[PDB]
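**Student:** Before we start, here is the structure in question, set down as structure tokens.
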Amino acid sequence: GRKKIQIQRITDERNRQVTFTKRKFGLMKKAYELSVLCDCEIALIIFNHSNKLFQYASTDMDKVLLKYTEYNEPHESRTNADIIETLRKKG
Amino acid sequence: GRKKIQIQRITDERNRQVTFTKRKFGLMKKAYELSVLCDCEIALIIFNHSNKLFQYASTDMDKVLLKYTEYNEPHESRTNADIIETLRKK
Amino acid sequence: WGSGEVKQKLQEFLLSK
DNA sequence: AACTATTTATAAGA
DNA sequence: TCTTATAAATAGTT
Numbered sequence: 002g003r004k005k006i007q008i009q010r011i012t013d014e015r016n017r018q019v020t021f022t023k024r025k026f027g028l029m030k031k032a033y034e035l036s037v038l039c040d041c042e043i044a045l046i047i048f049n050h051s052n053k054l055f056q057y058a059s060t061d062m063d064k065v066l067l068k069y070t071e072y073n074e075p076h077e078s079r080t081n082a083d084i085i086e087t088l089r090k091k092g
Numbered sequence: 002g003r004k005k006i007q008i009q010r011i012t013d014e015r016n017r018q019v020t021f022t023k024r025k026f027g028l029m030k031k032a033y034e035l036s037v038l039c040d041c042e043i044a045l046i047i048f049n050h051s052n053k054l055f056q057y058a059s060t061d062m063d064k065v066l067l068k069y070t071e072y073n074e075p076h077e078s079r080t081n082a083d084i085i086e087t088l089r090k091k
Numbered sequence: 138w139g140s141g142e143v144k145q146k147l148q149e150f151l152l153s154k
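Protein chains in written order, with the authors' numbering: chain A, 2 to 92; chain B, 2 to 91; chain X, 138 to 154.
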């Protein structure tokens, strides 16, 4: 963008909503592209601060959610902490 | 990047795997940024073609998934078809 | 598979752990 | 909302 | 695997 920003909670109500809408679409667009390019299944669940639900699924949410419950074994799991740490040790 | 690509299945297996790993991180990084910048809760579930499971959650997966089961109310719902539609119309 | 039926199935599976 | 200069992500070469 | 040229996302202005 016009400037680099810090990854910190935006307190201005209007910028938060504008950014939320913009980046949520960006995020879904990238999920679309990833599912198609690499033939993967992807479900994405977002609750905004107002606790409203937004959802995306490459094909169908319930198939993915079903696939998830039947998954017994060890997987890869990441959270914001893991992502931040990985970025720190990119330098 | 060096050449623009069309969004269609990559047939070369090894470029597909390289692209999966790089773009998977890209997606998770964008989710992290959206989650902190706009103070929202995000969960992400990925099954690759080999049906291996990859998951991301802003805070705790089980927490987010559970709240999802309690929320049935009318919300936004998108699929690849919807995105492809919005891209046509943009 | 209802939408509420997979959610309600998801609910069990979580609480079961 | 539009636009756009700039940041970021990434395809391809290596 | 690394770098880098180039495409894609987007912050700020408006």
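Cβ coordinates follow ideal geometry from the N, Cα and C atoms, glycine included.
Which word fits A/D63, buried or exposed, when buried means at least 16 other C-beta atoms lie within 10 angstroms of its C-beta?
**Tutor:** Per the 10 Å Cβ criterion, buried.
**Student:** Name, going along the chain, the residues of the region 28-57 of chain B whose beta-carbon falls closer than 8 Å to a beta-carbon of chain X.
**Tutor:** So the list is empty, because no residue satisfies the distance condition.
**Student:** The region 54-78 of chain A: which residues have C-beta closer than 7 Å to a C-beta of chain X, in chain order?
**Tutor:** So the list reads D63, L66, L67, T70, given in the order they occur along the chain.
**Student:** Please confirm whether A/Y69 and B/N81 have their CB atoms less than 8 Å apart.
**Tutor:** The answer is no: Cβ separation not under 8 Å.
**Student:** Per DSSP, which residues does A/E42 bridge with? Please list them.
**Tutor:** For A/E42, which the question treats as bridged, DSSP gives the partners B/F48.
**Student:** Is it right to say A/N49 is buried, meaning 16 or more other beta carbons lie within 10 angstroms of its own, or is it exposed?
**Tutor:** When all chains shown are included, A/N49 counts as buried.
**Student:** Got a sec, what are the start and stop residues for the beta strand (DSSP E) A/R79 sits in?
**Tutor:** From DSSP, the beta strand (DSSP E) with A/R79 extends over 77-80.
**Student:** Give the straight-line distance between the Cα atoms of B/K91 and A/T22, rounded to the nearest whole angstrom.
**Tutor:** When rounded, the distance between both Cα atoms is 15 Å.
**Student:** For B/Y57, write down the residues that DSSP places opposite it in a beta bridge.
**Tutor:** Answer by DSSP bridge pairing, in chain order: A/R79, B/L45.
**Student:** Can you confirm whether X/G139, when its beta carbon is compared against all beta carbons of chain B, has any partner nearer than 8 Å?
**Tutor:** No, because no Cβ of chain B sits closer than 8 Å to the Cβ of X/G139.
**Student:** Quick check: the region 72-87 of chain A against the region 36-45 of chain A, are at least 3 beta-carbon pairs closer than 8 Å?
**Tutor:** The region 36-45 of chain A is not in contact with the region 72-87 of chain A.
**Student:** Rounded to the nearest angstrom, what separates X/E149 and A/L66 at their Cα positions?
**Tutor:** When rounded, the distance between both Cα atoms is 13 Å.
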